[PDB]
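Asks: Structure file work.pdb (PDB, C-alpha atoms (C1' of nucleotides)) is given on the next line.
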```pdb
ATOM      1  CA  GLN S   5      22.708  51.083  97.738
ATOM      2  CA  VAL S   6      20.824  54.189  98.951
ATOM      3  CA  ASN S   7      18.643  52.972 101.982
ATOM      4  CA  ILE S   8      15.568  50.816 101.023
ATOM      5  CA  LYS S   9      12.400  51.256 103.204
ATOM      6  CA  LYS S  10      10.196  48.390 101.804
ATOM      7  CA  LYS S  11      12.770  45.515 101.653
ATOM      8  CA  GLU S  12      10.987  43.855  98.779
ATOM      9  CA  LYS S  13      11.718  44.357  95.094
ATOM     10  CA  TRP S  14       9.381  44.054  92.168
ATOM     11  CA  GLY S  15      10.233  42.970  88.608
ATOM     12  CA  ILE S  16       7.591  43.175  85.920
ATOM     13  CA  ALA S  17       7.892  40.147  83.598
ATOM     14  CA  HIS S  18       7.031  40.742  79.898
ATOM     15  CA  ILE S  19       5.950  37.490  78.353
ATOM     16  CA  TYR S  20       6.177  37.335  74.565
ATOM     17  CA  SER S  21       4.211  34.375  73.327
ATOM     18  CA  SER S  22       4.712  32.861  69.895
ATOM     19  CA  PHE S  23       3.684  29.541  68.284
ATOM     20  CA  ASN S  24       7.259  29.534  66.859
ATOM     21  CA  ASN S  25       9.061  30.260  70.152
ATOM     22  CA  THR S  26       8.392  31.499  73.679
ATOM     23  CA  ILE S  27      10.251  34.493  75.236
ATOM     24  CA  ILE S  28      10.386  35.359  78.951
ATOM     25  CA  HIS S  29      12.023  38.568  79.978
ATOM     26  CA  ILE S  30      11.816  40.087  83.421
ATOM     27  CA  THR S  31      13.089  43.626  84.013
ATOM     28  CA  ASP S  32      12.795  46.197  86.889
ATOM     29  CA  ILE S  33       9.417  48.069  87.520
ATOM     30  CA  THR S  34      10.622  51.070  85.496
ATOM     31  CA  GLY S  35      11.725  48.826  82.647
ATOM     32  CA  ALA S  36      15.005  50.744  82.270
ATOM     33  CA  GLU S  37      17.183  47.812  83.431
ATOM     34  CA  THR S  38      17.431  44.371  82.049
ATOM     35  CA  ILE S  39      18.499  41.847  84.587
ATOM     36  CA  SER S  40      17.961  38.716  82.383
ATOM     37  CA  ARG S  41      16.721  37.547  78.932
ATOM     38  CA  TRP S  42      16.024  33.784  78.323
ATOM     39  CA  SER S  43      14.058  32.221  75.454
ATOM     40  CA  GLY S  44      12.953  28.603  74.497
ATOM     41  CA  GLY S  45      15.852  27.716  71.915
ATOM     42  CA  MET S  46      18.907  27.901  74.168
ATOM     43  CA  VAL S  47      17.209  25.196  76.494
ATOM     44  CA  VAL S  48      16.879  22.770  73.557
ATOM     45  CA  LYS S  49      18.604  21.602  70.305
ATOM     46  CA  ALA S  50      15.639  21.650  67.780
ATOM     47  CA  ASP S  51      13.032  23.877  66.234
ATOM     48  CA  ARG S  52       9.967  21.797  67.067
ATOM     49  CA  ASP S  53      10.673  22.086  70.846
ATOM     50  CA  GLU S  54      11.520  25.781  70.527
ATOM     51  CA  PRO S  55       7.956  26.507  71.702
ATOM     52  CA  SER S  56       5.855  23.897  73.658
ATOM     53  CA  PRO S  57       5.200  24.374  77.442
ATOM     54  CA  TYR S  58       8.386  22.482  78.580
ATOM     55  CA  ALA S  59      10.858  24.983  77.105
ATOM     56  CA  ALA S  60       8.370  27.707  78.504
ATOM     57  CA  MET S  61       8.862  26.459  82.065
ATOM     58  CA  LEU S  62      12.711  25.899  81.839
ATOM     59  CA  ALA S  63      13.433  29.215  80.152
ATOM     60  CA  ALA S  64      11.275  30.791  82.980
ATOM     61  CA  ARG S  65      13.189  28.890  85.632
ATOM     62  CA  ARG S  66      16.851  30.008  84.694
ATOM     63  CA  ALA S  67      15.892  33.675  84.709
ATOM     64  CA  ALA S  68      14.048  33.054  88.052
ATOM     65  CA  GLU S  69      17.359  32.236  89.810
TER
ATOM     66  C1'   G G   1     -79.324  30.811 -11.026
ATOM     67  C1'   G G   2     -77.529  32.467  -5.807
ATOM     68  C1'   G G   3     -73.387  33.630  -2.794
ATOM     69  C1'   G G   4     -68.317  35.040  -1.614
ATOM     70  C1'   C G   5     -63.995  37.068  -3.151
ATOM     71  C1'   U G   6     -57.423  41.213  -2.517
ATOM     72  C1'   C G   7     -61.340  43.211  -1.473
ATOM     73  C1'   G G   8     -56.796  48.556  -0.287
ATOM     74  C1'   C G   9     -61.296  53.516  -3.279
ATOM     75  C1'   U G  10     -65.693  57.077  -3.326
ATOM     76  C1'   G G  11     -70.714  60.034  -2.415
ATOM     77  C1'   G G  12     -74.946  61.103   0.781
ATOM     78  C1'   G G  13     -77.909  60.519   5.266
ATOM     79  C1'   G G  14     -77.828  58.979  10.598
ATOM     80  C1'   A G  15     -76.015  57.706  15.853
ATOM     81  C1'   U G  16     -72.519  60.224  19.802
ATOM     82  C1'   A G  17     -71.045  55.122  24.254
ATOM     83  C1'   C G  18     -66.007  54.778  23.263
ATOM     84  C1'   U G  19     -61.726  57.102  20.852
ATOM     85  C1'   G G  20     -59.508  61.717  18.369
ATOM     86  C1'   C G  21     -59.779  66.892  18.271
ATOM     87  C1'   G G  22     -61.597  71.704  20.566
ATOM     88  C1'   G G  23     -63.479  74.333  24.753
ATOM     89  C1'   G G  24     -64.786  74.355  30.078
ATOM     90  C1'   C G  25     -64.756  72.494  34.686
ATOM     91  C1'   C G  26     -62.255  69.119  39.559
ATOM     92  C1'   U G  27     -58.585  67.181  42.992
ATOM     93  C1'   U G  28     -57.762  60.579  43.740
ATOM     94  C1'   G G  29     -52.024  60.575  40.180
ATOM     95  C1'   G G  30     -47.942  63.709  39.842
ATOM     96  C1'   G G  31     -45.399  68.044  41.506
ATOM     97  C1'   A G  32     -45.064  71.777  45.157
ATOM     98  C1'   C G  33     -44.625  73.889  51.001
ATOM     99  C1'   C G  34     -44.155  74.277  56.548
ATOM    100  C1'   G G  35     -42.619  72.091  60.692
ATOM    101  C1'   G G  36     -40.418  67.950  63.822
ATOM    102  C1'   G G  37     -36.507  63.521  62.544
ATOM    103  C1'   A G  38     -32.571  59.310  61.702
ATOM    104  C1'   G G  39     -28.523  57.907  58.990
ATOM    105  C1'   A G  40     -21.359  54.276  57.045
ATOM    106  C1'   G G  41     -24.983  59.697  51.368
ATOM    107  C1'   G G  42     -21.153  63.488  48.879
ATOM    108  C1'   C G  43     -17.491  67.367  49.301
ATOM    109  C1'   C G  44     -14.340  70.674  52.255
ATOM    110  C1'   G G  45     -11.655  72.276  56.642
ATOM    111  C1'   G G  46     -10.089  70.718  61.340
ATOM    112  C1'   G G  47      -8.216  67.234  64.816
ATOM    113  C1'   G G  48      -6.733  62.066  68.008
ATOM    114  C1'   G G  49      -5.293  57.673  68.886
ATOM    115  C1'   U G  50      -3.777  52.124  67.522
ATOM    116  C1'   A G  51      -0.708  49.017  65.629
ATOM    117  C1'   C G  52       3.405  48.054  61.804
ATOM    118  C1'   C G  53       7.897  50.128  60.070
ATOM    119  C1'   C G  54      11.874  53.075  60.282
ATOM    120  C1'   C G  55      15.918  56.057  62.910
ATOM    121  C1'   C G  56      18.580  57.531  67.592
ATOM    122  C1'   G G  57      20.257  56.716  72.954
ATOM    123  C1'   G G  58      20.300  53.348  76.869
ATOM    124  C1'   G G  59      19.863  48.290  78.903
ATOM    125  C1'   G G  60      20.834  43.347  77.607
ATOM    126  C1'   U G  61      23.897  38.347  74.959
ATOM    127  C1'   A G  62      23.988  33.804  71.340
ATOM    128  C1'   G G  63      20.319  33.985  68.785
ATOM    129  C1'   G G  64      16.880  34.675  65.810
ATOM    130  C1'   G G  65      14.021  33.932  60.954
ATOM    131  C1'   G G  66      11.672  30.031  58.659
ATOM    132  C1'   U G  67       9.280  24.481  58.119
ATOM    133  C1'   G G  68       6.201  18.791  57.775
ATOM    134  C1'   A G  69      11.295  18.647  57.832
ATOM    135  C1'   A G  70      14.805  22.100  55.781
ATOM    136  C1'   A G  71      17.647  25.659  53.092
ATOM    137  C1'   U G  72      18.174  30.935  51.153
ATOM    138  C1'   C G  73      18.081  34.515  54.351
ATOM    139  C1'   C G  74      18.155  38.227  59.766
ATOM    140  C1'   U G  75      21.925  38.817  63.678
ATOM    141  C1'   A G  76      28.254  39.637  66.273
ATOM    142  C1'   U G  77      30.517  47.123  65.265
ATOM    143  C1'   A G  78      25.355  43.360  68.785
ATOM    144  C1'   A G  79      19.970  41.210  65.986
ATOM    145  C1'   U G  80      15.340  39.376  68.851
ATOM    146  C1'   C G  81      14.034  41.248  73.271
ATOM    147  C1'   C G  82      13.002  45.528  77.018
ATOM    148  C1'   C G  83      13.078  50.987  78.310
ATOM    149  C1'   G G  84      13.265  56.159  76.718
TER
END
```
Rewrite the structure from the file as structure tokens, please.
Replies:
Amino acid sequence: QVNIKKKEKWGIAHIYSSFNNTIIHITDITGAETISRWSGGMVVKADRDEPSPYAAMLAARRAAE
RNA sequence: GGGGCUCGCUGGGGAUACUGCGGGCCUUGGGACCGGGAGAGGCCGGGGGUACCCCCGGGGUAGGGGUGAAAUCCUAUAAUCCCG
């Protein structure tokens, strides 16, 4: 780590929004580094719940840690 | 005895509105010109950006695709995704 002056980091979060699935994907402000990728069909077992809001909160909570 | 008759013909005289023809004359129609003017009219040359796809490098893992459910099919020499 080369000295940080601000002591705050920022991560732009791309949100790709389908009626077949939801994808949440937060990267660094450049976009050149992928911390974490989590979708709505690892959370669940079935295709119907692949989208919805409830996958699209839980997917966006695992990343967030 | 009187009339009409397909009734498609002819000769002579007469009228001159209309029509024909001939001549003359005029701008209401038409055409024509000049100047201002809008438009996804046509053609030609020039040039920019969107998004989709594709290909290459990096980053990043367990999926994705698809449906009412599914399967065939995409992806593990790495897909989707994100960055260049």
Asks: Step by step, work through what the PyMOL selection byres ((chain S) within 7 of (chain G)) selects in the shown file, and finish by giving those residues as a PyMOL selection string.
Replies: chain S and resi 35-38
Asks: Given the file shown, determine the residues that the PyMOL selection byres ((chain S and resi 44-56) around 12) selects; report them as a ChimeraX atom specification.
Replies: /S:19-29,41-43,57-67 /G:61-70
Asks: Counting all atoms listed in the file, which residues sit no farther than 6 Å from the position (9.9, 44.2, 83.6) in the file's frame? I'd like them as a PDB file with C-alpha atoms, keeping the file's coordinate frame.
Replies:
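What landed in point.pdb:
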```pdb
ATOM      1  CA  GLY S  15      10.233  42.970  88.608  1.00  0.00           C
ATOM      2  CA  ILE S  16       7.591  43.175  85.920  1.00  0.00           C
ATOM      3  CA  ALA S  17       7.892  40.147  83.598  1.00  0.00           C
ATOM      4  CA  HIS S  18       7.031  40.742  79.898  1.00  0.00           C
ATOM      5  CA  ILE S  30      11.816  40.087  83.421  1.00  0.00           C
ATOM      6  CA  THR S  31      13.089  43.626  84.013  1.00  0.00           C
ATOM      7  CA  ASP S  32      12.795  46.197  86.889  1.00  0.00           C
ATOM      8  CA  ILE S  33       9.417  48.069  87.520  1.00  0.00           C
ATOM      9  CA  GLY S  35      11.725  48.826  82.647  1.00  0.00           C
TER      10      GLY S  35
END
```
